[PDB]
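Quick setup: the structure tokens below cover two forms of a single protein chain, split into structure 1 and structure 2.
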Structure 1
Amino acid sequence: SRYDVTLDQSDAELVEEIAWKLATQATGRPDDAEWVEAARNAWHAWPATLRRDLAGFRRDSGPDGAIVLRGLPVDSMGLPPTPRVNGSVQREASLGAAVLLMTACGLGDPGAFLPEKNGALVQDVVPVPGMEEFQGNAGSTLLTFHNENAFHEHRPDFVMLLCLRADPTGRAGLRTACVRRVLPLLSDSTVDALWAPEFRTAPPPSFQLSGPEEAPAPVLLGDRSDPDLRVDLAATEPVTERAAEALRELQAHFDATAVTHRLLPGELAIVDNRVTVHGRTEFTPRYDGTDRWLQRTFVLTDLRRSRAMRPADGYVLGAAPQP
């Protein structure tokens, strides 16, 4: 399978060397344009085999709309305890930030949203005490299936998750479900419903004090046989009864066809957010610094499209127009 790639020893050693040099020698820090520029240049030093694998995935993300690469460099012996605060982000140069931002520049460009993790390009995904029931990074309850930032016009094209520390408890796993697997299984009425403009996905309160009551829109987008989708099973509200039934059937088939991944250190999951939803199983964190630790970076395949939301042609998307 070209969607599960283990680095051979030589390639893993070359990537480690490149990542260390970037992390230690590049001027500035990960969120600075000059550091992203260094990562972009560093990406082109990677082994050609890996660049070819990623280019292949970008061109065709396959029936599960996801790839896992294994054997990437993480400083396990140097890793501090897993962070325990909401909004934990990687502001300082590190091996993890190097790996993520280099890969981001290979697939497109990294990006982030000002109202989410303060627009940090490399974001920690860790369980936070008191946030157990929360539908987000910090929770440890069941995270229902969603496209990342489904409400947003310039939502991530890819979501990348690098594992620094595995969940020691064995109950946590990333779940990904692709529309390619479910579409041929869906009943005709459900398919019709999903193409109809009968679903409202409002932005979360963090993204606006508020205004424009979101116009109803379809869940399925683009080609009839190979559509994209835009859904959040927590946030998307059906406007009609048939839309409600359709979401229930959609969820059922996501659950039935989802791939569940327990990531290990040095493993990088890349999800095609145009065709694949993700979620996470419930688990019981230890909250003792040994818990699951992933770092996340979003990729925009055509950064240019979001320029109106990126002051100074930066990597942080805000808002506006207005009139």
Structure 2
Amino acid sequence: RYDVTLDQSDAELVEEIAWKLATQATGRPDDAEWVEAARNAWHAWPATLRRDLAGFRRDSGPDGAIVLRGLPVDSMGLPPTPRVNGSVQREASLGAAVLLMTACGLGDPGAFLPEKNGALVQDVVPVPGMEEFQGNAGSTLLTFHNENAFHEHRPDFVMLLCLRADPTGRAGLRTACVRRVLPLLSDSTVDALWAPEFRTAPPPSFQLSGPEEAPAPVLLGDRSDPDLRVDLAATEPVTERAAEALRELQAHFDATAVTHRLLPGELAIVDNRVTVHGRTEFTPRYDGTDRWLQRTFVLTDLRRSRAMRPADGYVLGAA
């Protein structure tokens, strides 16, 4: 129940709902009125899909991820893949519709002002000159991370909708769940990961060489079913045992990861409380045919971040 292919009937209904939202709803995706329309439209989805999503929200399973297949994307109408840094989806579209409806089903959408200018629907596309970036515009191997790990109100879910697959065949999303990793880790590493000996900075998407947060543990919550907070690029160990812990953690992420090559109309939803993600190295063409995902973050309890959301909006900033 973590790999869901829409049947023809459900696929046609969601298509209808997404078109209606994209073409008839007033305003544009970042407007509160559009998110409200998306929230109402979500409740028109077939019960089967709403039940699937509700089940995943309640229990994201041993891999902490779900992939839905057969969602609407306008492949014939799709323009060349953007090649600019900071690319975001400001205009109404089927992709924005699918993402924002689903976000309202799982919680609410949200974004962070310093990243992709706080857009609710963000492009994940390779950008010339950014090949070596540990982030959405890169094409070198992207290390495993919780999304925006530094942040107190980091995404609860990360949703990635494929508009255009990587035509080269080398790119794949990788997800690794701590539920697979924990039983395999050495006792010394587990003890290390519970200790406040790890310091984490914002990812480069926020800025370059940003200020690191205070030292804290990687593992959080329940001893048997913990959450985690780590970024193998942005998390610095404060002690020697923390360094070894990170090395062993990395090895087990690699060993336990599931690799997904997404196709158009496929939506991966990663539970960011328990699952890290990364991406394989690939060689972009930079000819408008490259990999194109759109990404929306979900906050399961938007209320918690009110102090960071002026006018009770969907964009989180300082204090």
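The term rigid core refers to the maximal set of C-alpha atoms that superpose within 1.5 Å between the two forms. Only residues modelled in both forms are compared. Structure 1's sequence is the ruler for residue numbers, which start at 1.
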Practice task
Mark the structure, either 1 or 2, that is the form solved in complex with beta-hydroxyasparagine (AHB).
Solution key: 2
Exercise for the section: Quick one: lay the two forms over each other on the core and tell me which of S76, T240, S189, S206 moves its CA by at least 2 angstroms between structure 1 and structure 2. Expected result: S206
Exercise for the section: Could you point out the stretches of 3 or more consecutive residues whose C-alpha atoms all move by 2 Å or more between structure 1 and structure 2 when the rigid core is superposed? Expected result: 202 to 214
